[PDB]
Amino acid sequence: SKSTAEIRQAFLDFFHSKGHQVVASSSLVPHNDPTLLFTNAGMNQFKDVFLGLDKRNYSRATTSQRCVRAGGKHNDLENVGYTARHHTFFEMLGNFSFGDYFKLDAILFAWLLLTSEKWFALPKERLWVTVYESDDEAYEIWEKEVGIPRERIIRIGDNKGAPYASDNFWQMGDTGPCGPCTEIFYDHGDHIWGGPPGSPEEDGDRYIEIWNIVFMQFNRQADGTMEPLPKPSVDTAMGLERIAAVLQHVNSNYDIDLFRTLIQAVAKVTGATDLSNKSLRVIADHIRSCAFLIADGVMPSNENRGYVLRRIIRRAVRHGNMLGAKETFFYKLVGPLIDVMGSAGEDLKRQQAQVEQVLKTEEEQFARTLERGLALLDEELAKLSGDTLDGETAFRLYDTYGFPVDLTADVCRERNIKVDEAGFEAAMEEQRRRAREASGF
């Protein structure tokens, strides 16, 4: 089968052969978008093009974009290690039409790449599609132009409980380009639990969301109002790791060549032997987001972007502790990561030494309190009555030991214990009040 690198290249080659300008992945950190924490989609760097404020010499483009979804509008941090399909860091394969072609040709390009004997040659019978309920045009295209049996065409409305809140209406954020979208799913088969989209078991890993095709139509305002974009446009987005799993005949993202090799490296540096333990998958994911974020300029801190990075690093170190790592390990994974990322890791390779040092320092810094904090947490959980850790304890771990509340929640979740978030926040607010009283005017 094709390697992840070969699949990445083949996608770009396909769209390049179809007249699309190949554009390099943007950084994970925008310089000119105050609404955006980290790059969460291939379309981010073309935001102003969709808005009609930025003109390019090309009207169609294709990219393999590095993304991090660990905060802001799209945040999958808490899914990592619990599903076979969610990462913090991942690559999004995209083609874009800037007032060029529209619905029919977008769908045709995607179907051709996925199912043509000349290309990916996926079995058509295992592919399902969803459309926005009101998008009769998209329904007709799939039914009559492509020829998907009606039983595998699913209409999805505002299923997230609010106007435009839907799996079939894609938004960059609370503001920005958005529109109805159509998605392509692949059935991994009855050896995996789950039902098709729209079904009660839709959240299972059986029917995997592979490719989202967004018909960009509006710019969302802060008030929630939709203002039409000057030209209806196309934003498509396919998870590289997810399509790689399909093409390499495996079911989990973590079973692709890239992750198999990376997980081996994690086992090596932690001294773990059970290659199936979920902590290995968590660490493998976390080194990708952490290393690339640092390569793109993020430094660990207690504020904004730096704190998200700090939180992920510390959670990774914690998982390493659970596996029995006896020495500083996380930075040792940068090399192995560079080795599996191919051309997509060039910015990381360029800054290998710097990234390694940042991660080493951060782990060493956290090690000053990690085991001591875990000891306290164990002590508190041992005598805890009920299914919820009190906010005061969570706050003490935060204030004394440098445990972000989500790191504490992560440890507790593994023992079916919740954290009183309201209590933690009350404790933080109480401390802020003390600070104001002491500092004065």
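Residues carry their position along the shown sequence, with the first being 1.
The PDB entry records a higher mean C-alpha B factor for 168-176 than for its counterpart among 92-100 and 168-176. In this entry, 316-324 has the higher mean Cα B-factor, the comparison being between 134-142 and 316-324. Based on the entry's C-alpha B-factors, the most elevated value among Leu397, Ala61, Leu36, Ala382 belongs to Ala382. Annotation for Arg152, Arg350, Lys231, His87: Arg350 ranks highest, by Cα B-factor.
Sort the chain's modelled residues by C-alpha temperature factor and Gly297 lands in the lowest third, per the entry. In the PDB entry, a CA B factor belonging to the highest third of its chain's modelled residues is recorded for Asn277. In this PDB entry, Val405 carries a Cα temperature factor that places it within the middle third of its chain's modelled residues. Split the chain's modelled residues into thirds by C-alpha temperature factor. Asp235 is in the lowest one. Among all modelled residues in this chain, the alpha-carbon of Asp190 has a temperature factor (C-alpha) in the highest third.
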